[PDB]
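Q: My questions all concern the structure below.
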Amino acid sequence: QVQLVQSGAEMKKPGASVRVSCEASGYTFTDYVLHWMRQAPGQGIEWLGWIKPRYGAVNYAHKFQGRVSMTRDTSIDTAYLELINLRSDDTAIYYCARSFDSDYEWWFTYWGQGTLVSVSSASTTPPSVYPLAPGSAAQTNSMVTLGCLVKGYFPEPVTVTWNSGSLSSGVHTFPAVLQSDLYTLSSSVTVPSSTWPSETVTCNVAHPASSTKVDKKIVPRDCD
Amino acid sequence: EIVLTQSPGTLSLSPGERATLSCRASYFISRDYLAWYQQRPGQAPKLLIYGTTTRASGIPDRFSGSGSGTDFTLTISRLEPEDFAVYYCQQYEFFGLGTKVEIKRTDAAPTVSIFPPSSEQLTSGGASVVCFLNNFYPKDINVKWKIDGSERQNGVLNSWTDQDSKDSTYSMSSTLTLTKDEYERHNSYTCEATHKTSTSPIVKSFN
Amino acid sequence: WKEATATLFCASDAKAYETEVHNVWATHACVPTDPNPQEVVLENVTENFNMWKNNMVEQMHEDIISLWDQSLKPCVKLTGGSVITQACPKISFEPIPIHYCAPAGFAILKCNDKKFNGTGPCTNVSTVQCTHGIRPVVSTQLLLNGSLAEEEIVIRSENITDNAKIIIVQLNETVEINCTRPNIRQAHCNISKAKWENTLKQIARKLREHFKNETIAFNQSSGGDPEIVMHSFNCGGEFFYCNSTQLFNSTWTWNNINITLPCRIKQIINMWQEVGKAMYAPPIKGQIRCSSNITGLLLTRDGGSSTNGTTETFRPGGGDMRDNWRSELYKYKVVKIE
Ligand SMILES: *[C@@H]1O[C@H](CO)[C@@H](O[C@@H]2O[C@H](CO)[C@@H](O[C@@H]3O[C@H](CO)[C@@H](O)[C@H](O)[C@@H]3O)[C@H](O)[C@H]2NC(C)=O)[C@H](O)[C@H]1NC(C)=O
Ligand SMILES: *[C@@H]1O[C@H](CO)[C@@H](O)[C@H](O)[C@H]1NC(C)=O
Ligand SMILES: *[C@@H]1O[C@H](CO)[C@@H](O)[C@H](O)[C@H]1NC(C)=O
Ligand SMILES: *[C@@H]1O[C@H](CO)[C@@H](O)[C@H](O)[C@H]1NC(C)=O
Ligand SMILES: *[C@@H]1O[C@H](CO)[C@@H](O)[C@H](O)[C@H]1NC(C)=O
Ligand SMILES: *[C@@H]1O[C@H](CO)[C@@H](O)[C@H](O)[C@H]1NC(C)=O
Ligand SMILES: *[C@@H]1O[C@H](CO)[C@@H](O)[C@H](O)[C@H]1NC(C)=O
Ligand SMILES: *[C@@H]1O[C@H](CO)[C@@H](O)[C@H](O)[C@H]1NC(C)=O
């Protein structure tokens, strides 16, 4: 069984270099071209080049000449990609892949699990968590929408639950947004107005990367 | 160089219907090699069709391929729920920009709601005003921010959700972030959502 | 009409009074050449040939492996958890021509179309008992002591629009390359600068016949093992590795002096036949000199979407010597007799 297993996610600052690995198994490593691709947030898939592992011949995309180096270790059947001069727009999930067929080497049956590479001047930074309760003069309807704003963290991911997961109706979790080399997201929950504030409503935020676990009770607020 | 134009950019079809995806080359690229891939959220793409027409192993019978050698078509004879994903065409190192296949549902109006900045953020020097646009379809929607009656476009960042797995709607967040110095000058903040239900935006405001 | 796998045999005029190792191998392993070889022209067939799916190459490859495996004396061999040391005396080494001959009941079809691109139908077909004499020159980047195209330069590719497929250029005029280790590891090769560049103009135009009105650039190797970044070859048992950068640094558009390449004789090499390294003894003393004929090139085209300039860049590649043999076996296929 052919399998490709890559190394784990990495955080890097602009101008640094990154190394991504790709472990092959289930076949004769030197028999198939290995390609490298990446997928940036919301963009298409980009081919960087390929390496033929038998002699290490390489082919680098025009836009990455001077930026990429591809190598391999045939004694442990592992290939490696080195990227230099990192900049902001190198942020992406990276994949190695190969075709099942040896005549046309672009029928991608076998893919690595992907490696997330985040490039930012920021180091690991915990989020600020802010509650979104209706305004004092906000009109009251039969249902009420509450929210939680999770701003300025790095890296991804966060998880959100509502009343610690015992309410699994009415939850929406929103994609992170870039704003200053850090990610921000928010979460909304909708509950009947008759059940809050008479009973508790809490957003539960978890950011494992910073060992953060926060509960935020939503109570209506009076402006100080 | 091969240029592969995929269409549509977004494909909105009801489950059970047949999907026809288009890939147009900038010159003749033969029938021998063009391939189609599937990608689900959070996964690598998956090879569906190779050599224009041949299904690999495990590919459902509802996928069928055709093409003239320049223009190619992927047919999904009857869309199942798990087939709604992103689809790419490719030959050699060249990829199309993708087609998203999505679920058509009723024209549900958004339950738009607006939330002023918390006092904690103001104490922190920042002021984010947040508008949620919940449970709408179709995906296209416009949000307009207003500050003390003057239209504000700069400093707004928006993020759209994927289709909800249970009720098939979309949701969107809109976040207005200012400094405390600028934010504390103006009084009225308004979020206006436009959806085919309410002709004229849905307005939520605070002072 | 069919490519069938017969066990070929080889034939040569090896001389028993020669010490060169190819002679010893072909003496024990081959028979003498036909003094009066008969060629038969056929019924004006359009037989398909596919130089990229030609079983002769695997068989020829095995022969050179066998030759190399019983003639060459590397001091140390590293092969999958094994490292074998043996005596490693110097040898006398100069390739001889080897003919491949079909056994009883089979024949070799020969393509005689002068512009045959390497794959597809051949219209001027003939049958032979044995191939022409082919020198088994092991090299990269430049093919040495090979066959010339008879009329014009020929570009051959399994599929030229697939940038992952090697490109074999076959010249129609030899360019002489002179390499000397002067009477310990610093050496050099001379090539006419003017003759190489005038050759480049015609190569670029031939390549341009598929990639119409694009500017064609020749550029240095992008990377890999020493075997493929330099021009590598065997001269008198020594392994030369020549910096070929100065050969592949030019641009040619819709529109004598020597190049001396700095070379080094390396003791530690990565083996072409199998994944592993071999160590040979240091060079002999005395003047080492080999004059070879450049007869072709191995090129790889950079892939990817276009940035700005219309420019396609080709860099030498190679390494898998099956393609070296292919550059000579392209016109032959083995067939069973009706
Ligand atoms: C190998 O596969 C290639 C496909 O990559 C087949 O090549 C195609 O051959 C035709 C006829 O020569 C080419 O047509 C012309 O190509 C130029 C290139 O830009 C184009 O601008 C012209 O308008 C015209 O379309 C075609 O481009 C070429 N490539 C593709 C992608 O179609 C080739 O026939 C195959 N060979 C074998 C033996 O299978
Ligand atoms: C070689 O001949 C085949 C026969 O159809 C053709 O398809 C191919 O394009 C030719 N190659 C070149 C480089 O002209
Ligand atoms: C070599 O090729 C060129 C063009 O490819 C041609 O003009 C020239 O006549 C050829 N030379 C010989 C000796 O056939
Ligand atoms: C190479 O040497 C041979 C024999 O001495 C000579 O005839 C030929 O002109 C030389 N060519 C070059 C390019 O050095
Ligand atoms: C040849 O040498 C120069 C500098 O001495 C170097 O920059 C170049 O990469 C070398 N060429 C090859 C093919 O190694
Ligand atoms: C590269 O090409 C230029 C232009 O012909 C030349 O002046 C320079 O010496 C060449 N250098 C190398 C290392 O090939
Ligand atoms: C060779 O490639 C390098 C970068 O890959 C580029 O800077 C240089 O201009 C190229 N030169 C030629 C003659 O192709
Ligand atoms: C090519 O043949 C000549 C014949 O004199 C020989 O000296 C030279 O070493 C040969 N080249 C190779 C690479 O075998």
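Following the order of the structure tokens, chains are lettered A, B, ..., residues in each are numbered from 1, and ligands are numbered from 1.
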Just need the residues of chain B within 6 Å of chain A, counting only C-alpha atoms, so spit them out as a list in words.

A: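 Here they are: residues 47, 97, 115 and 161 of chain B.
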
Q: Please save C-alpha atoms of the selected residues as an mmCIF file, in the first residue's frame.

A:
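Full text of result15.cif as output:
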data_model
loop_
_atom_site.group_PDB
_atom_site.id
_atom_site.type_symbol
_atom_site.label_atom_id
_atom_site.label_comp_id
_atom_site.auth_asym_id
_atom_site.auth_seq_id
_atom_site.Cartn_x
_atom_site.Cartn_y
_atom_site.Cartn_z
ATOM 1 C CA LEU B 47 -8.551 11.887 -8.530
ATOM 2 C CA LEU B 97 -9.504 27.444 -10.956
ATOM 3 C CA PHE B 115 -23.772 43.957 18.338
ATOM 4 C CA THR B 161 -19.205 30.323 6.171
#

Q: Can you check which parts of chain C lie within 6 Å of ligand 4? Per residue, the shortest pair of atoms and distance in Å to one decimal, counting only C-alpha atoms and all ligand atoms, sorted by chain and number, as JSON lines.

A:
{"residue": "C:176", "atom": "CA", "partner": "ligand 4", "partner_atom_place_in_ligand_line": "13 (C)", "distance": 5.1}
{"residue": "C:177", "atom": "CA", "partner": "ligand 4", "partner_atom_place_in_ligand_line": "13 (C)", "distance": 5.2}
{"residue": "C:178", "atom": "CA", "partner": "ligand 4", "partner_atom_place_in_ligand_line": "1 (C)", "distance": 4.8}
{"residue": "C:190", "atom": "CA", "partner": "ligand 4", "partner_atom_place_in_ligand_line": "14 (O)", "distance": 5.1}
{"residue": "C:191", "atom": "CA", "partner": "ligand 4", "partner_atom_place_in_ligand_line": "13 (C)", "distance": 4.4}
{"residue": "C:192", "atom": "CA", "partner": "ligand 4", "partner_atom_place_in_ligand_line": "13 (C)", "distance": 5.0}
{"residue": "C:291", "atom": "CA", "partner": "ligand 4", "partner_atom_place_in_ligand_line": "1 (C)", "distance": 5.8}

Q: Write out as a PyMOL selection string all residues of segment 81-210 of chain A that DSSP puts in strand (DSSP E or B) for this structure's backbone.

A: chain A and resi 81-83+92-99+108-111+115-119+125+128-132+143-154+159-162+171-173+177-178+183-192+202-207

Q: Using only C-alpha atoms, find each residue in segment 266-337 of chain C having at least one atom no more than 12 Å away from segment 49-66 of chain C; report its shortest atom-to-atom pair and that distance in Å (one decimal), rows by chain then rising number, as JSON lines.

A:
{"residue": "C:271", "atom": "CA", "partner": "C:65", "partner_atom": "CA", "distance": 11.1}
{"residue": "C:272", "atom": "CA", "partner": "C:65", "partner_atom": "CA", "distance": 9.7}
{"residue": "C:273", "atom": "CA", "partner": "C:65", "partner_atom": "CA", "distance": 6.7}
{"residue": "C:274", "atom": "CA", "partner": "C:65", "partner_atom": "CA", "distance": 9.5}
{"residue": "C:320", "atom": "CA", "partner": "C:61", "partner_atom": "CA", "distance": 10.2}
{"residue": "C:321", "atom": "CA", "partner": "C:61", "partner_atom": "CA", "distance": 7.7}
{"residue": "C:322", "atom": "CA", "partner": "C:57", "partner_atom": "CA", "distance": 6.1}
{"residue": "C:323", "atom": "CA", "partner": "C:57", "partner_atom": "CA", "distance": 8.2}
{"residue": "C:324", "atom": "CA", "partner": "C:57", "partner_atom": "CA", "distance": 9.2}
{"residue": "C:325", "atom": "CA", "partner": "C:57", "partner_atom": "CA", "distance": 6.1}
{"residue": "C:326", "atom": "CA", "partner": "C:57", "partner_atom": "CA", "distance": 6.2}
{"residue": "C:327", "atom": "CA", "partner": "C:51", "partner_atom": "CA", "distance": 8.3}
{"residue": "C:328", "atom": "CA", "partner": "C:57", "partner_atom": "CA", "distance": 9.3}
{"residue": "C:329", "atom": "CA", "partner": "C:57", "partner_atom": "CA", "distance": 7.0}
{"residue": "C:330", "atom": "CA", "partner": "C:51", "partner_atom": "CA", "distance": 4.4}
{"residue": "C:331", "atom": "CA", "partner": "C:51", "partner_atom": "CA", "distance": 7.2}
{"residue": "C:332", "atom": "CA", "partner": "C:49", "partner_atom": "CA", "distance": 7.8}
{"residue": "C:333", "atom": "CA", "partner": "C:54", "partner_atom": "CA", "distance": 6.6}
{"residue": "C:334", "atom": "CA", "partner": "C:56", "partner_atom": "CA", "distance": 7.8}
{"residue": "C:335", "atom": "CA", "partner": "C:55", "partner_atom": "CA", "distance": 11.1}

Q: Just write the chosen residues, C-alpha atoms, as a PDB file, in the first residue's frame.

A:
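Final file, result-v6.pdb:
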ATOM      1  CA  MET C 271      26.678   4.401  -9.378  1.00  0.00           C
ATOM      2  CA  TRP C 272      24.500   4.689 -12.470  1.00  0.00           C
ATOM      3  CA  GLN C 273      23.699   0.967 -12.616  1.00  0.00           C
ATOM      4  CA  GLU C 274      22.348   0.701  -9.057  1.00  0.00           C
ATOM      5  CA  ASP C 320      19.206   6.788 -16.626  1.00  0.00           C
ATOM      6  CA  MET C 321      21.484   5.326 -19.279  1.00  0.00           C
ATOM      7  CA  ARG C 322      18.643   3.421 -20.912  1.00  0.00           C
ATOM      8  CA  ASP C 323      18.069   6.688 -22.778  1.00  0.00           C
ATOM      9  CA  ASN C 324      21.681   6.702 -23.979  1.00  0.00           C
ATOM     10  CA  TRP C 325      21.138   3.284 -25.555  1.00  0.00           C
ATOM     11  CA  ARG C 326      17.734   4.423 -26.827  1.00  0.00           C
ATOM     12  CA  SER C 327      19.445   7.232 -28.729  1.00  0.00           C
ATOM     13  CA  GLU C 328      21.023   4.419 -30.770  1.00  0.00           C
ATOM     14  CA  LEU C 329      18.315   1.731 -30.699  1.00  0.00           C
ATOM     15  CA  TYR C 330      15.429   3.991 -31.759  1.00  0.00           C
ATOM     16  CA  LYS C 331      15.343   2.626 -35.337  1.00  0.00           C
ATOM     17  CA  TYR C 332      15.093  -1.075 -34.470  1.00  0.00           C
ATOM     18  CA  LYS C 333      12.425  -3.459 -33.287  1.00  0.00           C
ATOM     19  CA  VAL C 334      12.462  -7.213 -32.915  1.00  0.00           C
ATOM     20  CA  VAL C 335       9.821  -9.239 -34.684  1.00  0.00           C
TER      21      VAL C 335
END

Q: Within segment 189-280 of chain C, find each residue whose DSSP state, derived from the backbone, is alpha helix (DSSP H), and express the selection as a list in words.

A: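 Output for segment 189-280 of chain C, alpha helix (DSSP H) only: residues 193, 194, 195, 196, 197, 198, 199, 200, 201, 202, 203, 204, 205, 206, 207, 208, 226, 227, 228 and 229 of chain C.
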
Q: Okay, now the selection with N, CA, C and O atoms, as a JSON list (two decimals), in the first residue's frame?

A:
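Just written: again.json:
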[["chain", "number", "residue", "atom", "x", "y", "z"],
["C", 193, "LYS", "N", 34.18, 27.07, -29.56],
["C", 193, "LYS", "CA", 33.09, 27.92, -29.10],
["C", 193, "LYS", "C", 32.16, 28.27, -30.26],
["C", 193, "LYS", "O", 30.93, 28.17, -30.15],
["C", 194, "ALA", "N", 32.75, 28.69, -31.38],
["C", 194, "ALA", "CA", 31.98, 29.07, -32.56],
["C", 194, "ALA", "C", 31.19, 27.89, -33.12],
["C", 194, "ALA", "O", 30.02, 28.05, -33.50],
["C", 195, "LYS", "N", 31.79, 26.70, -33.18],
["C", 195, "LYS", "CA", 31.11, 25.56, -33.78],
["C", 195, "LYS", "C", 29.97, 25.08, -32.90],
["C", 195, "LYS", "O", 28.89, 24.73, -33.39],
["C", 196, "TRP", "N", 30.17, 25.16, -31.58],
["C", 196, "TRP", "CA", 29.11, 24.79, -30.66],
["C", 196, "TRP", "C", 27.94, 25.77, -30.79],
["C", 196, "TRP", "O", 26.78, 25.35, -30.85],
["C", 197, "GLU", "N", 28.22, 27.08, -30.79],
["C", 197, "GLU", "CA", 27.15, 28.08, -30.91],
["C", 197, "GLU", "C", 26.40, 27.99, -32.25],
["C", 197, "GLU", "O", 25.17, 28.10, -32.28],
["C", 198, "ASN", "N", 27.13, 27.85, -33.36],
["C", 198, "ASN", "CA", 26.47, 27.64, -34.65],
["C", 198, "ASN", "C", 25.59, 26.40, -34.63],
["C", 198, "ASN", "O", 24.55, 26.35, -35.30],
["C", 199, "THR", "N", 26.00, 25.37, -33.87],
["C", 199, "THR", "CA", 25.20, 24.17, -33.69],
["C", 199, "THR", "C", 23.94, 24.50, -32.89],
["C", 199, "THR", "O", 22.84, 24.02, -33.20],
["C", 200, "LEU", "N", 24.11, 25.31, -31.85],
["C", 200, "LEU", "CA", 23.01, 25.76, -30.99],
["C", 200, "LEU", "C", 21.94, 26.48, -31.78],
["C", 200, "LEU", "O", 20.75, 26.35, -31.47],
["C", 201, "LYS", "N", 22.33, 27.29, -32.76],
["C", 201, "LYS", "CA", 21.33, 27.99, -33.56],
["C", 201, "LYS", "C", 20.37, 27.00, -34.24],
["C", 201, "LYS", "O", 19.14, 27.14, -34.16],
["C", 202, "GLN", "N", 20.93, 25.94, -34.86],
["C", 202, "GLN", "CA", 20.09, 24.95, -35.54],
["C", 202, "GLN", "C", 19.28, 24.11, -34.55],
["C", 202, "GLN", "O", 18.12, 23.78, -34.82],
["C", 203, "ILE", "N", 19.88, 23.75, -33.41],
["C", 203, "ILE", "CA", 19.14, 23.03, -32.38],
["C", 203, "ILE", "C", 17.95, 23.86, -31.90],
["C", 203, "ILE", "O", 16.85, 23.34, -31.70],
["C", 204, "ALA", "N", 18.19, 25.15, -31.65],
["C", 204, "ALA", "CA", 17.11, 25.99, -31.16],
["C", 204, "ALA", "C", 16.00, 26.08, -32.18],
["C", 204, "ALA", "O", 14.82, 26.00, -31.82],
["C", 205, "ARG", "N", 16.34, 26.26, -33.47],
["C", 205, "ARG", "CA", 15.29, 26.29, -34.49],
["C", 205, "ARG", "C", 14.50, 24.98, -34.57],
["C", 205, "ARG", "O", 13.25, 25.00, -34.67],
["C", 206, "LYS", "N", 15.18, 23.84, -34.45],
["C", 206, "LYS", "CA", 14.48, 22.55, -34.48],
["C", 206, "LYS", "C", 13.54, 22.43, -33.29],
["C", 206, "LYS", "O", 12.40, 21.98, -33.44],
["C", 207, "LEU", "N", 14.01, 22.79, -32.10],
["C", 207, "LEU", "CA", 13.14, 22.78, -30.93],
["C", 207, "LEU", "C", 11.97, 23.73, -31.15],
["C", 207, "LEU", "O", 10.82, 23.42, -30.80],
["C", 208, "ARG", "N", 12.24, 24.88, -31.77],
["C", 208, "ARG", "CA", 11.25, 25.90, -32.03],
["C", 208, "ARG", "C", 10.16, 25.41, -32.96],
["C", 208, "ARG", "O", 9.07, 26.00, -33.00],
["C", 226, "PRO", "N", 26.02, 14.64, -8.58],
["C", 226, "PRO", "CA", 27.15, 15.04, -9.45],
["C", 226, "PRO", "C", 27.09, 14.41, -10.83],
["C", 226, "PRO", "O", 27.51, 15.04, -11.81],
["C", 227, "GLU", "N", 26.59, 13.18, -10.92],
["C", 227, "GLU", "CA", 26.48, 12.50, -12.20],
["C", 227, "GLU", "C", 25.71, 13.29, -13.26],
["C", 227, "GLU", "O", 26.04, 13.22, -14.45],
["C", 228, "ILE", "N", 24.71, 14.08, -12.86],
["C", 228, "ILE", "CA", 23.91, 14.79, -13.84],
["C", 228, "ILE", "C", 24.18, 16.29, -13.91],
["C", 228, "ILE", "O", 23.85, 16.91, -14.94],
["C", 229, "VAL", "N", 24.75, 16.90, -12.88],
["C", 229, "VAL", "CA", 25.07, 18.32, -12.99],
["C", 229, "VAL", "C", 26.29, 18.60, -13.85],
["C", 229, "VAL", "O", 26.35, 19.62, -14.55]]

Q: Where does chain B meet chain C within 10 Å, residue by residue, with the nearest atom pair and distance in Å to one decimal for each, counting only C-alpha atoms, listed by chain and rising number, as a Markdown table?

A:
| residue | atom | partner | partner_atom | distance |
| --- | --- | --- | --- | --- |
| B:1 | CA | C:305 | CA | 6.5 |
| B:2 | CA | C:305 | CA | 8.1 |
| B:3 | CA | C:305 | CA | 8.7 |
| B:29 | CA | C:161 | CA | 9.7 |
| B:91 | CA | C:162 | CA | 9.5 |
| B:92 | CA | C:162 | CA | 6.7 |
| B:93 | CA | C:304 | CA | 6.2 |
| B:94 | CA | C:305 | CA | 7.4 |
| B:95 | CA | C:305 | CA | 10.0 |

Q: Would you mind exporting the chosen residues as a short mmCIF file (atom, residue, chain, number, x, y, z; two decimals), in the first residue's frame, restricted to C-alpha atoms?

A:
data_model
loop_
_atom_site.label_atom_id
_atom_site.label_comp_id
_atom_site.auth_asym_id
_atom_site.auth_seq_id
_atom_site.Cartn_x
_atom_site.Cartn_y
_atom_site.Cartn_z
CA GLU B 1 1.00 26.99 -22.23
CA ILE B 2 -2.36 25.37 -21.45
CA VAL B 3 -4.97 27.71 -19.97
CA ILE B 29 -4.98 19.65 -25.66
CA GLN B 91 -3.46 18.18 -17.46
CA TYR B 92 0.28 18.10 -16.74
CA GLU B 93 1.14 20.91 -14.31
CA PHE B 94 -1.92 22.97 -15.30
CA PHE B 95 -5.07 23.25 -13.17
#

Q: Using only C-alpha atoms, which of the listed residues (C:314, C:254, C:240, C:1) sits closest to chain A?

A: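 Selected residue with least distance to chain A: C:314.
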
Q: Within 8 Å of ligand 2, which residues show up when you count only C-alpha atoms and all ligand atoms? List them as a list in words, please.

A: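 Residues lying within 8 Å of ligand 2: residues 116, 117, 118, 119, 120, 121, 155, 156, 157, 159, 160, 209 and 210 of chain C.
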
Q: Find the distance between atom CA of residue 100 of chain A and atom 3 (C, counted along the ligand's line) of ligand 1 and write it in Å to one decimal.

A: 19.4 Å

Q: Distance limit 7 Å, atoms considered: only C-alpha atoms. Which chain C residues sit that close to chain A? Return them as a PyMOL selection string.

A: chain C and resi 222-225+302-304+307+317+319

Q: How would you report the residues lying within 6 Å of ligand 3, as a PyMOL selection string, if you count only C-alpha atoms and all ligand atoms?

A: chain C and resi 151-153+172+202

Q: Suppose we keep N, CA, C and O atoms; can you now write the selection as a PDB file, in the first residue's frame?

A:
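Written out: again-v9.pdb:
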ATOM      1  N   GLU C 151      20.639  13.289 -42.332  1.00  0.00           N
ATOM      2  CA  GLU C 151      20.281  14.490 -43.088  1.00  0.00           C
ATOM      3  C   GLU C 151      20.178  15.714 -42.184  1.00  0.00           C
ATOM      4  O   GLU C 151      21.036  16.594 -42.267  1.00  0.00           O
ATOM      5  N   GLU C 152      19.156  15.822 -41.337  1.00  0.00           N
ATOM      6  CA  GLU C 152      19.037  16.986 -40.472  1.00  0.00           C
ATOM      7  C   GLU C 152      18.987  16.570 -39.007  1.00  0.00           C
ATOM      8  O   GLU C 152      18.830  15.395 -38.672  1.00  0.00           O
ATOM      9  N   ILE C 153      19.123  17.569 -38.127  1.00  0.00           N
ATOM     10  CA  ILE C 153      19.005  17.341 -36.692  1.00  0.00           C
ATOM     11  C   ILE C 153      17.632  16.760 -36.395  1.00  0.00           C
ATOM     12  O   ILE C 153      16.627  17.172 -36.990  1.00  0.00           O
ATOM     13  N   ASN C 172      23.434  16.060 -36.572  1.00  0.00           N
ATOM     14  CA  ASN C 172      23.814  15.556 -37.884  1.00  0.00           C
ATOM     15  C   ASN C 172      25.251  15.890 -38.256  1.00  0.00           C
ATOM     16  O   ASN C 172      25.693  15.533 -39.354  1.00  0.00           O
ATOM     17  N   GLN C 202      20.925  25.938 -34.858  1.00  0.00           N
ATOM     18  CA  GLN C 202      20.086  24.950 -35.539  1.00  0.00           C
ATOM     19  C   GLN C 202      19.281  24.109 -34.552  1.00  0.00           C
ATOM     20  O   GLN C 202      18.116  23.781 -34.817  1.00  0.00           O
TER      21      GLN C 202
END

Q: Using only C-alpha atoms and all ligand atoms, find each residue with an atom at most 7 Å away from ligand 7 and format the answer as a PyMOL selection string.

A: (chain A and resi 65-66) or (chain C and resi 217-220+249-251+313)
